[PDB]
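Engineer: Chains as they are written, first to last, in the authors' numbering: chain B, 1 to 30; chain A, 1 to 29; chain C, 1 to 30.
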Amino acid sequence: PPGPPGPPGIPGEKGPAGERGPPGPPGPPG
Amino acid sequence: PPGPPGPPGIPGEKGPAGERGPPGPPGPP
Amino acid sequence: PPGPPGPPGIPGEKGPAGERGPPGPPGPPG
C-alpha cells in the first residue's frame, strides 16, 4: 500500500516592502 | 508505492513597512 | 512492505506587501 503523505511544503518567502510614507508637515514660517 | 505529496507550505510573512517619508516643505512666508 | 512517504508539498505563497511607512518629519524653517 502507498505510504503516508509527504512533508508539508516549505514556508513561502517574505512579502515586498510597503510604500514610502508621505511627506511631513511644512516647516516653521520664515 | 510512495504516498501522495504533502500539503502546501505556510504563507510567508508580510513584508516590512515602508520607509519614513521625506521632510515636509520649507516653511512658507 | 511499508510504503515510503510521499514527496514534499509545494512551497507556500509569499506574504503580502508591507504597510506604508510613517509620515516624514517637519520641513526646515523658511
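Ideal Cβ placement from N, Cα and C applies to all residues, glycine included.
Which value, in whole angstroms, describes the spacing of the CA atoms of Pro8 (chain C) and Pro7 (chain A)?
Structural biologist: So the alpha carbons of these two residues sit roughly 8 Å apart.
Engineer: Would you verify that the beta carbon of residue 36 (chain C) is, or is not, closer than 7 Å to some beta carbon of chain B?
Structural biologist: Missing from the structure shown is residue 36 (chain C); chain C here goes from 1 to 30 and no further.
Engineer: Between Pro29 (chain C) and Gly24 (chain B), how many whole angstroms is the CB-CB distance? I'm expecting something under 8 Å.
Structural biologist: With 8 Å as the limit, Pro29 (chain C) and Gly24 (chain B) do not qualify as a contact, their Cβ atoms being about 13 Å apart.
Engineer: Taking the C-alpha atoms as reference points, what is the distance between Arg20 (chain B) and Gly15 (chain C)?
Structural biologist: Rounded to whole angstroms, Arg20 (chain B) to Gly15 (chain C) spans 18 Å at the Cα level.
Engineer: Rounded to whole angstroms, what is the Cα-Cα separation between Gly27 (chain C) and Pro22 (chain A)?
Structural biologist: Their backbone Cα atoms lie some 9 Å apart in a straight line.
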